[PDB]
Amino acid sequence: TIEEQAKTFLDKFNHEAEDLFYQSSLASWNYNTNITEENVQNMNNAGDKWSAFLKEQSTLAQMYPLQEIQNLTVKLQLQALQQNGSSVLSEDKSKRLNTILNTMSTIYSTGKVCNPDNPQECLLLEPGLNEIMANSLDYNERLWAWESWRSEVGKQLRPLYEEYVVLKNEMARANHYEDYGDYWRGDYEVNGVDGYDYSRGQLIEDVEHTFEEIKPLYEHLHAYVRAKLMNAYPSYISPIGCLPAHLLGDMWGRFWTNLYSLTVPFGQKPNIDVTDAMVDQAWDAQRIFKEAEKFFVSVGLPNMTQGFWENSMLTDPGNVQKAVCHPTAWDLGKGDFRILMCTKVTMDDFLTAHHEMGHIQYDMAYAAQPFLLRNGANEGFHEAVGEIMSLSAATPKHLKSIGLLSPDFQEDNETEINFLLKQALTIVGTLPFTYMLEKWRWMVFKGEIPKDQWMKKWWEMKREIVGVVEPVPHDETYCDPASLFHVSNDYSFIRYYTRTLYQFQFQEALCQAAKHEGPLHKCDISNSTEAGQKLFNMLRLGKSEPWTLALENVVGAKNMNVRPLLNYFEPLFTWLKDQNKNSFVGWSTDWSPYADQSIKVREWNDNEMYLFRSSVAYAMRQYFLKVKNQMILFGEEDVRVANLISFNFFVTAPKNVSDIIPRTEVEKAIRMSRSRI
């Protein structure tokens, strides 16, 4: 019969696929832990094997009727195996795309910028630039790191990324999607299950609908933060303008988390940022992941495996190897679970341990499922599980209990405004960032944004949707999207939007099962086996049930709903509306840090623009050797042109960028050399 054959086919495929998957997984591990030419080669071979095997089983599965399946377990598996991806591309195309992927990945993880005053002092993104963007209060140095990274590293990514889009769109349009974007939204698709179906376009709509309901609380968080940042960087921020992109606590403003030291509502209270308490005790990466383990075990979940501790890399290896430091949770297969994290002793590395270990715990739970279904019910479910736990672990109640807040820490209504504020800087601050990033990639893949307008459109969407403005104008030799890990390392990003809605929904139903009474934000599901079982019973399903039904069985809703996330932040919202009565709320897209020094302008090609920039640079060189008696090697690069028969420009001193030249000064220089034409 058909079923009995297919049953044995999928049974054989699943076990054969596990062992080939373990092989490329493990080769990807060694590459990521030990970036090396050899390991790139062992990776590429192991992957080539995996891909060729899938192409074989893909065609060999296209035989078994795509329809006529008795056990729906034995149907969706087939449906995936019949989609012969990658192989749609020629062997020349496919090897090129894998080369582009390894090149982007390698550039991003090895990219370095150097101090202009000391060329032998160079800085990786992790930890050097990251540490500057987390901690420096210097506007200029934060500018240097932000622009260096996008001009030394992002520019290397621009041409590769253009090819990446061409190749990925071809593999997708041949796998029968509208483009790579649509291929990605396919992670959320449910078909053939009435009352639980979900279409790829539904994802766009639900995301845009919910994002409307989140704007007000974002706008007020944006207004409060702007005001505080006007205090921390006096005279640099317009009270109706967008926030400068280098002033947000990390390289991109993905999270506004590190702005807590500048935005804390009630600085006199005991610190709810427990970084210092970890440093003052003997907290290392071992202690951190041991504490995260305690939490999942108190909830009823298993400990980590022996292999996990044996094979993870929870610290920076050193100068003995180059490793992708991005926290990542790996399910290599065959009971092999491990985490890659260059863990530091901050509260942020501490909540991230819980998040990454959440991935592991989900991976563990659905190990007992067929290989083809060993996945999240969708990608947001997977990202939400670590965050559920992170919500409980960040509560001052929980922190007090693991000795990081004094035993005398008094919960009052000012500490909760502090806690809710910090939470908002992470959770709410990231939602516009995330939506706008993915909205951009979705549009690039659909073809709605031409290549000559990628950066133009990118910084228009930053200003408009995010309330963030670039501090330096960027032309189409940049690829600012790709300077973030997820974009240069080819990962979807809506998982971070959808996990944020999911996580409060799940937190709501878990706090009820944990016999919580009171507001959601005071809830810590620690020690609740009833909470753990409710969650586990869903985790152990993998992707065997559609996610709409998996959501229903845990929280009683078929779809994502933003009501729980807003209830969580209701106290803080009220307080923010009060704190902002004398602030502007919203932003104008027109102000930019550099427009108050710019100058407008009267067959024209880029080479004309090159002679122009070179002339202005030359003019400047004279005007400082003449009207000032100095020699300054102004380059064409130091002439920054924006808003391009018309354009606006300003001049910066070479090796400083922040050092804009007074608009009145450049004018005299232009006049002084106006004779030469």
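Residues carry their position along the shown sequence, with the first being 1.
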TODO: Indicate whether the chain is continuous between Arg602 and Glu603 or, if not, how many deposited residues are absent from the coordinates: none, 1 to 3, 4 to 9, or 10 or more.
DONE: 10 or more
- [ ] Indicate whether the chain is continuous between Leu644 and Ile645 or, if not, how many deposited residues are absent from the coordinates: none, 1 to 3, 4 to 9, or 10 or more.
- [x] 1 to 3
Task: Of 16-24 and 651-659, the one with larger mean CA B-factor - done: 651-659
- [ ] Higher average CA B factor in the deposited record is what I'm after, so tell me if that's 168-176 or 430-438.
- [x] 168-176
- [ ] For the C-alpha B-factor as written in the entry, point me to the maximum among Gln120, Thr395, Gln410, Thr110.
- [x] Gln410
- [ ] Could you tell me which third, lowest, middle or highest, the C-alpha B-factor of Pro564 occupies within its chain?
- [x] middle
TODO: For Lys462, return the chain-relative third of its C-alpha B-factor as stated in the PDB record: lowest, middle or highest.
DONE: lowest
Open item on the list: Which third, lowest, middle or highest, does the C-alpha temperature factor of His209 belong to within its own chain?
Closed with: lowest
- [ ] Please place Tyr491 in the lowest, middle or highest third of its chain by C-alpha B factor as given in the entry.
- [x] lowest
- [ ] Select lowest, middle or highest to describe the third in which the CA B-factor of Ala509 falls within its chain in this entry.
- [x] middle
